[PDB]
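All remarks here apply to the structure that follows.
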Amino acid sequence: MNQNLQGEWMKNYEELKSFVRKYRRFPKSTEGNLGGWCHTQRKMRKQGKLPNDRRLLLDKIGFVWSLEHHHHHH
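Start counting the sequence shown at 3; every next residue gets the next number (our numbering).
Structure below.
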């Protein structure tokens, strides 16, 4: 809505938005900023503290989560 304190989020989102438009996710992760963001992001999804809005926004730009954990309960 406004600037909020999530300026980092805003900046990184459009950065990853443009990045995924080019590669669709970064399995290597060597681009520094997104690389570090992804590193922290691992624990976000691991812990389950991840925001579904944040989750959805990247999904919508084409950020694939893939099946890294091969174990479907359904």
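Note that the Cβ used here is the ideal one computed from N, Cα and C, for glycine as well.
Identify every run of the alpha helix (DSSP H) within the stretch 28-59, keeping only runs that are complete inside it and at least 4 residues long; order them along the chain. 35-49
If we ignore side chains and look at the alpha-carbon of each, how far apart do residue 122 and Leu69 end up? One cannot answer for residue 122 here, as it falls past the ends of the chain, which runs 3 to 76.
Under three-state DSSP, which class holds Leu18? What you label residue 18 is simply residue 16 of the sequence shown in a count that begins at 1. Three-state result, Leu18: helix.
Whole-angstrom Cβ separation of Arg27 and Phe65, contact assumed at under 8 Å? In the sequence shown, the residue the question calls residue 27 occupies position 25. In the sequence shown, the residue the question calls residue 65 occupies position 63. Going by Cβ atoms, the distance from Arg27 to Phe65 rounds to 5 Å, so yes, they are a contact pair.
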